[PDB]
Amino acid sequence: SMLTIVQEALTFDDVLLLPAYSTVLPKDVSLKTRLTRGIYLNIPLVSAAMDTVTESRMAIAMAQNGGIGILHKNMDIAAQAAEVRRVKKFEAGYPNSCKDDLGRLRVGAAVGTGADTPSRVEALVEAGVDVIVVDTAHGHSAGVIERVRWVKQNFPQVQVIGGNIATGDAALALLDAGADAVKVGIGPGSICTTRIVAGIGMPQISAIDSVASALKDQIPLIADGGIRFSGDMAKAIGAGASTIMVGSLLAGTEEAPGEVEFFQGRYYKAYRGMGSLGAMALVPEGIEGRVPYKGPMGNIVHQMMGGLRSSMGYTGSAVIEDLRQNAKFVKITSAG
Amino acid sequence: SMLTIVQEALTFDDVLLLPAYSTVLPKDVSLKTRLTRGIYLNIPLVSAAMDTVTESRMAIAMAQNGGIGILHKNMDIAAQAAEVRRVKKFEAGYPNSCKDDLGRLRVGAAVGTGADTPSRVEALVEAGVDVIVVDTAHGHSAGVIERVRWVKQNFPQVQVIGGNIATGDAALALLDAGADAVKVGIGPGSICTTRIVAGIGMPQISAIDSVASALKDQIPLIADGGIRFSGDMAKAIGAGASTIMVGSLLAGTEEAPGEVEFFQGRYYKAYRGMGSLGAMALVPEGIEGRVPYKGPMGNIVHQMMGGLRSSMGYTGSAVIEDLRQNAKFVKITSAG
Amino acid sequence: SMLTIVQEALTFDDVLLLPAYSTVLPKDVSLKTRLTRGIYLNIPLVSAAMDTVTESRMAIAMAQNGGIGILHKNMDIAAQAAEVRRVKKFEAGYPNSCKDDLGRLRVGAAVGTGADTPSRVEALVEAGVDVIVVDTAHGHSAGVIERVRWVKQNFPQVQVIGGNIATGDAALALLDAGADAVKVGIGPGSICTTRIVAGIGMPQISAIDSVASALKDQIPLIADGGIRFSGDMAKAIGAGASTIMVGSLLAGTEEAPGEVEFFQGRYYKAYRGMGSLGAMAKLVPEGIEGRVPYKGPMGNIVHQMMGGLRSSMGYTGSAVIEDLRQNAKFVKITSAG
Amino acid sequence: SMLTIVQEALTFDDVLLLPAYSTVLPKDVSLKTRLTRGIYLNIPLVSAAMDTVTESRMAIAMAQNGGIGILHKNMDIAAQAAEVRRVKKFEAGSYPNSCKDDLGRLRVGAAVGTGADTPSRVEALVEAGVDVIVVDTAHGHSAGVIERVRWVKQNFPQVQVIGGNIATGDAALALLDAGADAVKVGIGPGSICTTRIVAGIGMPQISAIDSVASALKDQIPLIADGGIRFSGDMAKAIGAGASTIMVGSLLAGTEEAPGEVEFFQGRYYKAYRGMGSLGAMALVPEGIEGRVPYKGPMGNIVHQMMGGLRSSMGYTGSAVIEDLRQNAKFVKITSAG
Amino acid sequence: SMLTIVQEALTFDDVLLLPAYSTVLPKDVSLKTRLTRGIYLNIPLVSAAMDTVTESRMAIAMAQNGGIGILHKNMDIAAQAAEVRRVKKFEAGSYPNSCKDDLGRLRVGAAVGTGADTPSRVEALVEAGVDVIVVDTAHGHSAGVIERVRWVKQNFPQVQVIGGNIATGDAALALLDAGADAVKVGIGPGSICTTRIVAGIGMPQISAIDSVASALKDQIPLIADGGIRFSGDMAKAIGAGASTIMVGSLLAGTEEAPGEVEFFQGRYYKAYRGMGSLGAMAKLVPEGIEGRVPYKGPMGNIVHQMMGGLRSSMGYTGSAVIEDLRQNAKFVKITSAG
Ligand SMILES: C[C@H](Nc1ccc2ncc(CO)cc2c1)C(=O)Nc1ccc(Cl)c(N(C)C)c1
Ligand SMILES: C[C@H](Nc1ccc2ncc(CO)cc2c1)C(=O)Nc1ccc(Cl)c(N(C)C)c1
Ligand SMILES: C[C@H](Nc1ccc2ncc(CO)cc2c1)C(=O)Nc1ccc(Cl)c(N(C)C)c1
Ligand SMILES: C[C@H](Nc1ccc2ncc(CO)cc2c1)C(=O)Nc1ccc(Cl)c(N(C)C)c1
Ligand SMILES: C[C@H](Nc1ccc2ncc(CO)cc2c1)C(=O)Nc1ccc(Cl)c(N(C)C)c1
Ligand SMILES: O=c1[nH]cnc2c1ncn2[C@@H]1O[C@H](COP(=O)(O)O)[C@@H](O)[C@H]1O
Ligand SMILES: O=c1[nH]cnc2c1ncn2[C@@H]1O[C@H](COP(=O)(O)O)[C@@H](O)[C@H]1O
Ligand SMILES: O=c1[nH]cnc2c1ncn2[C@@H]1O[C@H](COP(=O)(O)O)[C@@H](O)[C@H]1O
Ligand SMILES: O=c1[nH]cnc2c1ncn2[C@@H]1O[C@H](COP(=O)(O)O)[C@@H](O)[C@H]1O
Ligand SMILES: O=c1[nH]cnc2c1ncn2[C@@H]1O[C@H](COP(=O)(O)O)[C@@H](O)[C@H]1O
């Protein structure tokens with residue numbers, strides 16, 4: 001009677017996209033989309049700001065495949081600015097490359113809300129960073145809203161992203177602060193334990209829908225966490241996402257940080273949450289594990305974009321915006 | 001909210017047929033039905049157009065038991081036309097046999113939308129094929145709609161089927177194109193990975209219902225994919241299907257293509273999706289595996305038809321059309 | 001849309017009974033109920049008409065504990081009438097015993113719709129059977145409806161049950177035929193494969209509710225099949241059942257037919273569906289053949305199952321079976337609950 | 001010490017045959033061998049005398065492929081003699097490797113016990129044209145078996161006689177002395193066998209064959225009965241001293257084997273049970289009752305087994321069965337190997 | 001090398017009995033044997049002195065089938081003597097194979113320790129009419145057991161005495177010189193036993209029986225105590241040199257065994273625990289586990305299945321009497337593959 005149930009929230013496995021009239025072949029579809037209101041990517045993939053996913057090596061390949069990588073903040077201001085420079089000064093000895101006005105590969109960097117943030121932001125913009133990601137566990141906070149407002153007023157020459165959020169109210173708050181894009185994701189990550197530890201969360205399909213409906217395409221959103229297959233990406237874009245941030249899928253690849261480990265005859269790479277005991281050294285909100293060796297990241301990216309191309313062919317979507325505006329879904333049961 | 005949820009789509013496991021007043025015994029029911037608006041079968045079974053399910057041997061046996069087999073297109077025009085001739089020229093040394101006006105066993109053949117289709121269609125009709133199946137992964141496309149219209153206009157002496165579809169709008173499109181029957185099924189196949197790779201699909205009970213409700217019995221529909229038991233067949237017919245296409249159930253049988261393999265003391269036969277890496281040599285949308293040796297196909301067909309007879313006895317359906325028009329269902333939970 | 005979905009049907013695991021104001025202790029509740037409009041039992045338990053559950057030995061113990069056993073029809077007319085006689089002529093060398101007007105232990109017998117049915121029915125009534133169970137897989141048939149009408153017209157001195165059913169329309173049909181009780185159950189049995197083979201069924205809580213709502217307490221119903229625990233029995237009675245038929249729970253007990261088998265150090269007894277390949281030896285099987293572990297004397301299982309139903313009546317404030325039947329309140333639970 | 005350990009007995013998995021100098025290709029080897037001192041087979045395979053393995057159908061297919069079937073005794077004298085006649089009167093509607101008698105009729109064997117109906121059974125089988133009488137019990141080193149084989153040889157010298165089951169050299173000499181034309185070796189190795197657990201009796205098959213063969217000194221052949229899972233076991237058995245191999249498990253589940261195909265959980269199976277199981281007897285049971293997967297025509301399985309044996313003879317440099325029997329060299333392997 | 005490896009010790013699963021020439025059918029064999037030098041049983045079966053196996057009910061049933069029951073010591077002197085009286089005063093309201101004394105009363109045995117209450121316990125049990133006193137500890141080759149056995153024989157010559165538990169020939173000779181009428185063999189083979197893990201002490205049962213039997217030279221019989229899972233183990237034990245077999249696990253879970261039936265996860269069970277478990281003791285570290293065995297129903301069924309299997313074994317070896325199997329059995333050693 002007094003319990004407030006806002007809605008029955010839906011995840012990726014709760015829905016399926018419906019096929020519609022199509023005259024487009026998967027090989028002919030355009031994967032071009034917008035990361036912010038000022039930055040466009042050639043593929044809707046964004047590599048996760050994590051110490052086991054993105055560093056300079058991963059950020060180069062992402063951009064080289066038409067996407068973008070967000071360097072993690074679990075490194076000192078000097079280390080992060082040095083990683084930005086490595087991506088910006090990289091020269092090929094890739095026609096679908098994601099580059100700036102000066103023909104340099106695009107890169108992003110993650111920042112907190114704390115005391116070293118003004119020095120961190122200044123050093124990253126100076127190093128030539130394209131986008132600043134003001135990212136915490138709870139983006140619907142004065143700390144994130146006001147830190148986003150600070151970066152837009154003091155550094156208008158750089159694009160700013162606010163995260164993480166899962167409601168329409170949070171999106172309007174960050175829109176008013178001057179965010180160029182919002183990062184959507186509260187509890188969906190594969191290594192995430194936020195739901196068990198805090199009982200806080202919002203299944204990703206309803207999270208994207210809530211944010212996208214409030215924004216009214218004024219700024220794009222990044223669907224962050226919980227992508228296991230190429231089908232999830234199509235559902236995310238269909239629900240309202242402009243891009244998709246992945247961690248698990250890019251972890252274990254050659255380009256990801258960490259050396260290959262030989263455990264029980266097989267090859268693995270470490271994969272851990274940024275809120276895990278190992279990543280922090282608050283009660284932990286993430287796990288530490290090992291993912292199998294996937295080889296060059298290019299293979300995984302091609303296989304994922306291949307699946308999204310087929311989905312766009314099934315929905316009759318020639319461009320990303322066609323899938324975003326015309327997608328029709330069906331709700332499925334546990335049997336389906 | 002901006003998210004468009006058309007309906008809560010239902011699969012076979014989501015529903016159960018209700019028993020109704022009955023004066024008919026299972027051994028007395030008529031399994032006679034229509035494959036197309038010109039072809040009638042003695043049983044509602046159709047063998048899948050797959051390189052591990054239907055070739056000349058399987059088509060003969062399907063036709064001998066009162067069903068029909070669709071010859072696969074993973075062979076050259078000359079091989080496919082020779083397979084049509086093998087079934088049409090077959091002479092028994094079977095009172096329920098499915099035969100044409102000339103007393104020859106009935107056969108069907110699958111065609112694509114590619115460049116070799118006019119030469120393939122012409123050679124199959126010349127070889128005496130009863131039905132042409134214009135089938136792709138996405139039948140709600142200009143490619144399938146216009147090819148179905150081409151076959152009907154250029155070869156009116158042959159029956160044409162369009163597939164695969166899962167919506168009422170797709171059915172009306174193929175109906176207006178001149179299809180004699182529609183093939184329903186987007187994502188329910190046992191070897192299918194369309195749902196994981198593309199995030200596209202429609203649970204089979206809701207797919208059949210949507211198609212059947214739009215058609216208004218103007219042309220029949222084949223419920224294609226996802227049949228595991230004889231109960232699924234009864235649910236499919238009750239939902240609106242006239243015939244049922246099966247791959248998994250007929251794979252592993254003596255008549256199915258492929259030699260028996262002796263693995264770990266047991267006997268198996270290969271079973272693979274037509275969108276698998278092995279079948280194509282687009283990102284794969286099917287798996288490759290082994291099914292246990294089932295022996296002569298006749299046994300499996302009799303067990304399946306036996307179960308459908310019991311269901312018609314429970315519903316008080318003397319004829320297939322009684323189950324199609326009078327069936328009443330209940331929705332069941334994950335506990336049921 | 002043209003698809004006809006009558007309702008979202010519920011099973012035992014879909015619901016939970018709510019506790020209500022209570023002044024009654026579980027040890028003080030009355031388990032007395034009615035099998036038919038003429039037969040009353042001291043406990044709501046009925047043993048299944050199965051060749052691995054009820055024969056003379058099981059019907060005696062069920063009647064001794066307050067219940068009733070239904071003898072199976074997978075035996076000739078002479079064998080079945082002899083089994084009726086064994087129960088009726090049994091003398092103790094049990095205060096809650098279910099007995100007739102002549103002080104003899106009560107017994108039931110299953111009959112089909114086939115050609116031997118008039119000879120079978122006549123021989124069972126002559127042997128002193130209390131209730132005739134006209135039992136097939138599909139009781140909403142002319143075969144069952146007309147046979148129940150034949151038994152009532154030709155043998156009014158005996159009580160008649162019709163089954164199996166799962167809808168209100170089927171219940172009204174058997175009520176108009178003169179059935180004294182209806183047996184509810186289409187697809188909930190533990191050994192049943194009707195749902196996989198025919199795609200036919202009705203989850204038991206919705207089946208009981210549909211039948212009970214149509215009947216309006218004119219004749220009782222036997223909730224037949226799908227009982228795994230004592231909680232299911234309380235849910236069944238709360239949904240509208242007057243009695244409960246069990247097979248799996250009484251299988252494996254000392255009293256059940258079959259000799260104990262020593263497999264891999266443990267002790268088991270056979271348990272099979274009446275539509276299995278082995279039980280039938282035409283129709284495709286609709287039941288499985290298996291082994292249940294040895295449970296020892298049936299008395300232990302009956303006491304545990306009646307103990308659980310007593311606690312439930314204590315939780316609902318139900319002093320008598322009719323209090324649970326008329327006052328029970330439920331909540332629907334998800335797959336998480 | 002008082003404990004008498006005769007030897008460390010070896011099974012199939014304890015040994016491996018060594019490859020030796022070879023000039024023979026597997027396709028060129030001769031699989032011809034002797035079943036008895038008077039009967040020769042074209043392949044060293046025998047189908048077990050079991051109610052789920054050999055009846056007339058299996059015996060015809062066995063004979064057609066160059067082997068022989070031993071019809072089971074779990075049927076009356078009239079039915080068993082009718083099964084012998086069915087094999088002897090069989091005419092092809094082509095099998096060049098067919099095992100046939102002097103009159104060009106397919107060869108067949110029949111199992112007999114030591115019971116009271118044995119003289120009537122033996123007389124009726126010889127009259128029906130049986131080629132070999134198998135006096136087979138669980139314990140062939142008994143007065144019952146020894147004297148019955150001696151009775152068959154003295155009263156019916158026109159027929160070949162086999163004695164079994166045995167596992168020692170002393171048992172072989174006893175049966176050789178009574179006039180057996182061949183001995184059957186196997187105490188405890190059967191796949192469905194529980195003799196080892198129930199009686200604590202047994203002898204691993206490689207040591208059982210070796211013990212029997214060493215005592216006989218090729219005077220009469222021996223049949224390696226039980227425990228064959230793969231084509232490699234057959235080569236090890238022949239190398240150890242066997243002239244033929246009896247199989248039950250491998251031929252069970254085939255089209256030709258007795259029993260109808262059963263559809264359990266989507267798959268196809270056939271029954272397979274020990275002759276000392278509760279079901280086969282209706283002594284404490286010494287065998288289990290189970291289901292084997294449907295293998296289709298027996299011909300496929302036989303070709304796979306004879307193919308594997310051909311490769312083995314190619315590896316050993318064995319042109320004829322007798323070359324493998326006399327020249328095979330083995331190595332003992334550990335639990336790691 | 002300085003490490004002393006006495007032998008490669010063998011268990012039940014390491015050996016198989018060989019079939020030999022036979023003229024006697026399993027239904028015709030004699031299962032009669034001797035428990036002590038003065039007591040004979042009609043079947044070679046003894047129920048274990050455990051609080052979840054043998055109380056008066058199990059002992060009555062054991063004797064009625066021709067065996068004997070050893071009453072446990074995890075009860076006061078008055079209760080144990082009352083259990084002896086219950087078996088001795090039992091009268092049938094038919095069991096032709098019953099194991100009875102000179103006065104036609106069902107035979108019974110009782111377990112005693114080496115503790116301070118032992119003289120009062122022994123005196124009260126003999127007074128109650130006990131047939132055999134079992135001086136049983138975890139280690140029978142101790143001054144405590146040897147001297148207590150010697151005390152019982154000297155002070156109560158009218159009663160039979162058993163000494164246990166032992167696993168060597170030296171131990172057997174020590175108890176033989178003490179005046180034991182029979183020895184109980186079993187160090188570490190118990191199903192609920194953890195002696196091997198806790199102390200690293202043990203001797204596989206086939207070699208334990210062989211070592212004891214070879215030293216004794218049939219002067220006194222031995223009871224194969226512990227590690228019997230099937231009827232085949234019993235035949236191997238007798239063939240190795242045992243006159244009787246003590247079983248705990250096989251008789252636990254039966255109707256006659258102490259404890260009420262428990263309904264866990266739809267099934268019926270009875271408790272079964274080691275006498276050296278935490279629960280049985282309530283300052284030695286535990287040497288046994290506490291568990292549940294499935295409900296087996298009347299003990300008669302289990303006993304008939306075991307004696308049936310042993311009958312077949314004697315019919316395979318050509319053993320008309322127990323002594324034929326004991327003296328003529330031939331074995332083969334098998335590998336992990338066999
Ligand atoms: C330890 C935990 N770790 C992380 C780390 C990275 C994360 N990244 C994303 C998400 C979204 O599920 C959660 C995350 C939690 C974490 O930051 N908790 C956490 C919980 C509640 C609040 Cl209000 C805050 N504010 C930002 C101070 C932080
Ligand atoms: C590789 C995959 N393979 C298959 C093959 C056979 C199938 N057969 C049936 C179904 C039913 O979902 C799917 C199938 C997918 C496939 O064809 N994908 C696919 C995906 C989207 C589009 Cl728009 C198209 N159009 C026909 C060009 C094809
Ligand atoms: C083979 C099966 N076997 C059984 C046997 C006993 C049963 N007893 C109860 C139930 C309740 O689901 C089903 C049963 C099925 C069975 O009777 N099928 C069956 C199916 C449909 C109809 Cl219309 C009929 N009519 C009565 C002739 C019979
Ligand atoms: C019940 C058992 N069943 C079988 C049946 C077939 C067998 N066939 C082969 C083997 C060899 O392991 C054992 C078998 C046991 C069986 O015959 N026991 C059995 C045990 C010992 C003896 Cl002395 C005898 N004599 C012949 C009377 C019989
Ligand atoms: C706790 C343990 N419990 C038991 C109880 C009964 C047993 N019964 C048999 C066996 C055979 O290993 C071991 C047993 C251990 C036990 O008594 N240990 C134990 C260990 C070493 C010694 Cl020298 C002694 N002496 C008698 C004082 C006792
Ligand atoms: O420890 C953590 N707790 C919760 N979420 C985390 C943690 N570390 C990273 N994340 C989020 O999870 C995403 C990775 O999601 P995934 O692709 O499902 O592995 C990241 O991009 C973050 O938004
Ligand atoms: O690779 C594939 N991907 C998806 N669906 C497939 C593929 N190959 C065949 N199918 C469909 O799956 C059906 C077989 O369904 P099944 O009876 O559930 O095995 C075929 O008749 C096709 O409609
Ligand atoms: O083979 C069969 N198929 C379907 N239902 C069966 C079969 N045999 C018995 N039944 C039903 O299942 C009940 C037993 O239900 P249980 O208590 O869940 O084991 C019986 O009382 C019958 O109503
Ligand atoms: O119940 C039984 N107990 C023990 N051995 C058996 C039984 N029935 C048959 N056998 C033997 O086991 C053989 C079959 O061995 P398999 O090829 O390993 O299955 C038969 O030829 C018999 O010698
Ligand atoms: O806790 C214990 N530790 C070790 N052995 C025990 C314990 N309790 C009883 N035993 C022995 O184990 C035997 C039971 O053996 P079982 O038949 O294999 O269960 C008893 O007769 C004792 O000799």
Side-chain angles (χ1 to χ4, degrees), chain B residues 7 10 12-27 168 205-206 208-210 212-216 228-240 302-316 324-336, chain C residues 1-15 113 136-146 164-170 172-174 185-188 193-207 210 226 275 282-286 332-337:
Chain B
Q7 59 182 274
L10 302 173
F12 299 122
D13 292 350
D14 285 319
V15 286
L16 283 164
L17 280 156
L18 283 178
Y21 182 71
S22 191
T23 60
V24 69
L25 280 352
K27 54 112 184 167
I205 287 298
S206 289
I208 296 157
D209 167 60
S210 188
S213 302
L215 293 177
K216 302 179 282 288
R228 301 148 296 161
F229 346 96
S230 48
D232 300 336
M233 283 168 59
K235 288 180 212 185
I237 296 159
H302 277 65
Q303 216 96 74
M304 296 303 288
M305 278 349 96
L308 172 59
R309 281 182 173 278
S310 294
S311 190
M312 287 177 75
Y314 275 119
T315 54
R324 285 197 70 253
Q325 300 290 294
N326 301 312
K328 302 264 186 75
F329 295 88
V330 289
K331 189 191 174 290
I332 67 156
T333 75
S334 301
Chain C
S1 179
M2 284 294 295
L3 195 83
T4 321
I5 299 145
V6 177
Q7 58 182 273
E8 184 182 55
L10 302 174
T11 187
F12 299 122
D13 291 351
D14 285 318
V15 286
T113 58
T136 66
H138 184 42
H140 198 185
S141 57
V144 171
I145 296 155
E146 294 310 321
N164 267 8
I165 64 151
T167 64
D169 296 308
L172 272 2
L174 291 162
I186 306 289
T193 70
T194 296
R195 323 244 254 232
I196 150 184
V197 177
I200 277 280
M202 176 73 144
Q204 204 68 302
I205 287 299
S206 289
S210 189
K282 314 289 166 288
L283 290 158
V284 291
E286 276 180 43
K332 191 190 173 290
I333 67 157
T334 75
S335 189

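A, B, ... follow the sequence lines: proteins, then strands. Residue 1 opens every chain.
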Only residue of B/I332, B/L17, B/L16, B/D13 satisfying side chain to side chain contact (heavy atoms under 4.5 Å, CB included) with C/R195 is B/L16
Okay, B/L10 and chain C: the region with an atom under 4.5 Å from a heavy atom over there is side chain
Rounded to the nearest 0.5 Å, the CD atom of C/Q7 sits from the CG atom of B/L18 at a distance of 7.5 Å
Cut-off 4.5 Å, heavy atoms of chain B, and the answer for C/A9 is both
Correct closest heavy-atom pair for C/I5 and B/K331 would be CG2-N, 3.8 Å
Scanning both residues in full, the closest heavy-atom pair of C/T11 with B/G336 reads CG2-N, 3.8 Å
Turns out that what part of C/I186 lies under 4.5 Å from chain B's heavy atoms comes down to side chain
Here the gap from B/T315 atom OG1 to C/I200 atom CD1, rounded to the nearest 0.5 Å, amounts to 5.5 Å
Q: Return yes if some donor-acceptor pair links the side-chain N/O of C/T4 with the main-chain N/O of B/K328 below 3.5 Å, else return no.
A: no
Turns out that what part of C/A137 lies under 4.5 Å from chain B's heavy atoms comes down to both
Of C/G199, C/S1, C/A170, the largest count of non-hydrogen pairs under 4.5 angstrom with chain B goes to C/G199
Pair count under 4.5 Å, heavy atoms only, with chain C: among B/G316, B/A234, B/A327, B/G307, highest is B/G307
- Item | B/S230 side chain vs C/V197 backbone, donor-acceptor pair below 3.5 Å | yes
If one checks every heavy atom of C/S206 against chain B at 4.5 Å, the contacting part turns out to be neither
Turns out that what part of B/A212 lies under 4.5 Å from chain C's heavy atoms comes down to neither
**Prompt:** Can you check whether C/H138 reaches B/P19 side chain to side chain, under 4.5 Å on heavy atoms?
**Reply:** yes
Applying a strict 4.5 Å limit to non-hydrogen atoms, the region of C/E286 in contact with chain B is side chain
Given B/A20, B/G313, B/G238, the one with more heavy-atom pairs under 4.5 angstrom with chain C than any other is B/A20
When the 4.5 angstrom heavy-atom criterion is applied to B/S210 and chain C, the contacting part is neither
Cut-off 4.5 Å, heavy atoms of chain B, and the answer for C/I196 is both
Okay, C/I145 and chain B: the region with an atom under 4.5 Å from a heavy atom over there is side chain
Are any non-hydrogen side-chain atoms of B/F329 and C/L3 less than 4.5 angstrom apart? yes
On a heavy-atom basis, the closest approach of B/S334 and C/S335 is CB-OG, 4.2 Å
(request) Compare all side-chain heavy atoms of B/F229 with those of C/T193 and state whether any distance is below 4.5 angstrom. (result) no
If you tally heavy-atom pairs under 4.5 Å between each of C/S141, C/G143, C/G201 and chain B, the highest tally belongs to C/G201
